[PDB]
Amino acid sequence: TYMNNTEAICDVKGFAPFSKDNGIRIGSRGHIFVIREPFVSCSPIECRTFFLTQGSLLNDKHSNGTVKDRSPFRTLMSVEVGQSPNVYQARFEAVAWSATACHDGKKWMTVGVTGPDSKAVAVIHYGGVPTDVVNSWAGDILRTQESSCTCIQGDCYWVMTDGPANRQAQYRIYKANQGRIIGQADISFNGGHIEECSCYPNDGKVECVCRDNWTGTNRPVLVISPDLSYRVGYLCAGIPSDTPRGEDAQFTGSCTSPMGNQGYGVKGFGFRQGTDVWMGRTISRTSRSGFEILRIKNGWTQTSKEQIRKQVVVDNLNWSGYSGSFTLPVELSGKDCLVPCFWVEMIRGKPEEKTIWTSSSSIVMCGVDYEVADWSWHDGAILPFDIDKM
């Protein structure tokens, strides 16, 4: 049976902890994959953690993490959420140095992108087998969400980018059923930049909060209809939520265009709440460190600077990283709305820490009807590791 996923997102006053994997602490002695970009998507049965593998293990020489991001050894695999990305619980997903995953109620559909930068190929798996393909259409590092895709009434949608990572690139919306491409669309967005979208279903559409890696310290926003007509622009909120970025005092909002005039960025997320928004961001303005989530009254529709809530999940003395969105399917939560949730990646190792490798663990939070106290569920592993003195 297909998941409807046509409900509204739940109005939430705060976030409760779902899971923490302790991959890197466990990785001190256990067999764990070196990873970046874990992420959660949920079937009507379970939410799993997907992750990019470097073909290697923590505390092993192959954890030489100075051997490429887009290496030919990168695979997407997955475990049940909370479990660590260890070999022996891992289920294989796709060859991918960039991926997205989601479930339509019957099976899982993943998308793996591998191949060379000049002509990358994206394989679409469904039910555990390749079913369709998307080639690079712009010749420059084809890529996608690095977070959960979205399924509504049997059709799944996701966002892909092909082009420069720091200038005008090209941005596309693909749509598929049972692992088969059935519609696509170009996104007209000149001056704007779209990367690594975090999407979710809301009111029978797909809402996406992504990353401007060109000139925007605010976040591009995408709203996709089943017919692949769309609205796109920036999260109206008068508070910047990318990293890096400047102070809140020095920033003015926009619905239409990028603000802050800064490059780089980090993958992040946001949740519409009527006209309000929950926006995650690192505590540091300059470092992938700390993590907080702010509610902004009318942040979805106005240049609002009205902060009505604020919750911390990673204190600023600790390393953060990527963040993305997913929903609790109705069939699991038992709600009449879509429970909004997020994961936060915690990167350890290079560049900031003095070791030969780089990996990450995660914690997962989920929207509740209550204000939840600030705390820090940081990664916690002690650096450097054994092979760090080799």
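Start at 1 and count along the sequence shown; that's the residue number.
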message: Mean CA temperature factor from the deposited coordinates, higher in 367-375 or in 18-26?
response: 367-375
Residue stretch of maximal mean CA temperature factor, 282-290 vs 266-274: 282-290
task: Name the residue from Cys47, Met346, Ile35, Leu58 with the greatest C-alpha temperature factor listed in the entry.
output: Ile35
message: In terms of recorded Cα temperature factor, pick the maximum from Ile224, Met77, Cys197, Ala169.
response: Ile224
- request: Please place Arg180 in the lowest, middle or highest third of its chain by C-alpha B factor as given in the entry.
  value: highest
message: Quick check on the deposited entry: does the C-alpha B-factor of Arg143 sit in the lowest, middle or highest third of its chain?
response: highest
message: Using only modelled residues of the chain, where does the Cα B factor of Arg309 rank: lowest third, middle third or highest third?
response: highest
- prompt: Can you tell me which third, lowest, middle or highest, the CA B-factor of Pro329 falls into for its chain?
  reply: lowest
query: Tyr322's Cα B-factor: lowest, middle or highest third of the chain?
result: lowest
